[PDB]
S.K.: 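Following this message is one structure expressed as structure tokens.
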Amino acid sequence: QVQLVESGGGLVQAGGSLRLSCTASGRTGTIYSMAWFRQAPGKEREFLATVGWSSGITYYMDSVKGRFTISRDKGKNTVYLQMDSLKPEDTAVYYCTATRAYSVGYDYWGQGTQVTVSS
Amino acid sequence: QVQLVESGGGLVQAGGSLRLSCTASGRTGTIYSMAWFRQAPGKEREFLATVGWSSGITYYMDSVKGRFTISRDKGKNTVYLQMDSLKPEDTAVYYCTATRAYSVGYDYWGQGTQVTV
Ligand SMILES: Cn1c(=O)c2c(ncn2C)n(C)c1=O
């Protein structure tokens with residue numbers, strides 16, 4: 001009942017920047033917060049960052065804090081992940097998620113978008 | 001505004017099980033949910049499982065879904081993580097967190113506890 005579609009993934013060079021997007025459709029009024037995950041090849045899905053869907057307050061895991069910036073545009077139904085100072089270990093399939101109000105965890109997921117960083 | 005302390009954990013053999021625990025104090029009524037993460041040496045903290053502090057709803061990453069079981073006991077201010085069917089890839093320091101109502105992310109953190117398979 002809520003659909004998420006990531007875009008923005010591509011190949012970038014070390015030290016450069018990329019911005020991901022995720023467009024939400026369906027009953028978006030039932031979403032409390034949005035988060036980006038990533039899954040490197042062979043590894044497991046890693047939580048990165050979250051934004052309050054109506055608050056705009058943010059929280060970052062240490063691995064991306066100070067480099068990445070999460071934000072949301074309620075009017076356009078989109079959440080962003082600004083990625084600065086990328087490095088090879090940021091190479092991964094990035095997923096966006098939404099958590100519903102009074103639910104817990106990560107109720108909806110996108111297909112995933114691929115980010116690749118060279119040296 | 002909230003302090004967490006974790007307990008349990010230690011040494012286990014392949015295929016076995018462990019039980020972890022964590023106790024909260026302070027402004028405990030303003031806690032919406034609690035979660036468990038894990039960090040292996042040199043790696044990054046990985047989110048594992050979550051439980052609603054009032055509701056009891058739960059959710060798992062595919063990495064531990066089925067094998068681990070999270071739960072809470074609200075009056076004793078204590079959360080647990082029951083880990084069954086353990087593999088060497090579960091070796092890590094496990095951390096418990098709390099998320100405050102109308103906040104996001106992981107606002108309070110325990111000091112961690114060691115699991116070795
Ligand atoms: C932290 N938090 C809340 O505080 C919350 C919520 N849904 C409703 N509320 C109030 N969710 C999903 C949440 O994660």
Side-chain angles (χ1 to χ4, degrees), chain A residues 30 32-33 35 37 44-47 50 52 55 57 59-62 97 99-107, chain B residues 1-40 44-87 89-117:
Chain A
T30 65
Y32 168 86
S33 68
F37 289 66
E44 288 161 344
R45 283 197 198 182
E46 184 194 359
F47 170 85
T50 180
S55 324
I57 65 177
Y59 174 87
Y60 305 85
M61 299 295 272
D62 271 343
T97 51
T99 299
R100 323 175 34 172
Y102 297 104
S103 183
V104 152
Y106 300 92
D107 304 290
Chain B
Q1 203 99 330
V2 167
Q3 292 199 350
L4 315 167
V5 192
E6 334 186 348
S7 277
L11 280 157
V12 69
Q13 61 263 67
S17 186
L18 247 181
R19 177 180 185 80
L20 274 53
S21 147
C22 177
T23 74
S25 91
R27 267 317 283 125
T28 44
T30 38
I31 296 332
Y32 179 81
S33 58
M34 316 210 56
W36 290 91
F37 289 68
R38 75 184 175 187
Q39 188 168 33
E44 318 166 304
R45 271 168 215 207
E46 172 190 6
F47 163 81
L48 289 186
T50 179
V51 58
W53 190 240
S54 302
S55 63
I57 292 150
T58 67
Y59 168 92
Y60 306 81
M61 296 335 276
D62 276 14
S63 39
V64 313
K65 182 184 231 303
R67 308 184 300 125
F68 294 5
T69 312
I70 195 178
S71 63
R72 59 104 178 69
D73 176 282
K74 186 160 151 86
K76 297 283 194 164
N77 277 317
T78 311
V79 74
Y80 312 97
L81 174 62
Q82 173 77 241
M83 312 143 83
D84 302 294
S85 207
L86 276 148
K87 268 290 301 297
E89 298 81 71
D90 294 307
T91 295
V93 174
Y94 284 67
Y95 294 86
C96 180
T97 57
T99 304
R100 202 194 19 260
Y102 309 97
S103 161
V104 295
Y106 299 102
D107 290 335
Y108 315 109
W109 284 77
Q111 78 291 344
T113 280
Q114 185 78 232
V115 172
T116 296
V117 192

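When reading the values below, keep in mind they use all heavy atoms of this one structure, side chains included, and skip hydrogens, waters and symmetry mates. Convention: sequence-line order gives letters A, B, ...; per-chain numbering from 1.
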S.K.: When rounded to the nearest 0.5 angstrom, what distance separates CD in A:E44 from CD in B:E46?
M.R.: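 So the CD of A:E44 and the CD of B:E46 are separated by 4.5 Å.
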
S.K.: Any salt bridge between A:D107 and A:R100, counting N to O under 4.0 Å?
M.R.: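 So A:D107 does not pair with A:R100 through a salt bridge.
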
S.K.: Could you give the distance from OG1 (B:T50) to CH2 (B:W36), rounded to the nearest 0.5 Å?
M.R.: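 It comes to 12.5 Å.
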
S.K.: Answer yes or no: are there more than 12 heavy-atom neighbours, outside B:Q114 itself, under 6.0 Å from its atom CD?
M.R.: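 Yes.
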
S.K.: What is the distance from atom CG of B:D84 to atom CZ of B:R19, rounded to the nearest 0.5 Å?
M.R.: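 One finds 10.0 Å between CG of B:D84 and CZ of B:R19.
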
S.K.: Is the count of non-hydrogen atoms from other residues, nucleotides or ligands lying under 6.0 Å from B:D62 atom CG greater than 12?
M.R.: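 Check fails, neighbour count at 12 or below.
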
S.K.: Applying the side-chain contact (heavy atoms from CB on, under 4.5 Å) test to B:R38, which of B:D90, B:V115, B:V93 qualifies?
M.R.: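 Filter result, single survivor: B:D90.
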
S.K.: If you compare all heavy atoms of B:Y80 against all heavy atoms of B:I70, which two are closest, and at what distance to 0.1 Å?
M.R.: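 That would be O-CG1, 3.5 Å.
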
S.K.: Once you round to the nearest 0.5 Å, how far does CD of B:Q111 lie from CD of B:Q3?
M.R.: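 One finds 10.5 Å between CD of B:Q111 and CD of B:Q3.
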
S.K.: Which residue, B:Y95, B:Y106, B:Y94, forms the ring pair (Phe, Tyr, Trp, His ring centres under 6.0 Å) with B:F37?
M.R.: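 For B:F37, the ring pair (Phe, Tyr, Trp, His ring centres under 6.0 Å) check succeeds only for B:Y106.
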
S.K.: Show the nearest heavy-atom pair for residues B:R72 and B:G52, with the distance to one decimal.
M.R.: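 Scanning both residues, the minimum pair turns out to be NE-O, 3.7 Å.
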
S.K.: Apply the side-chain contact (heavy atoms from CB on, under 4.5 Å) test between B:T23 and each candidate in B:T28, B:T78, B:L4, B:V79; give the one that qualifies.
M.R.: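 That would be B:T78; it is the only one of B:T28, B:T78, B:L4, B:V79 passing the side-chain contact (heavy atoms from CB on, under 4.5 Å) with B:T23.
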
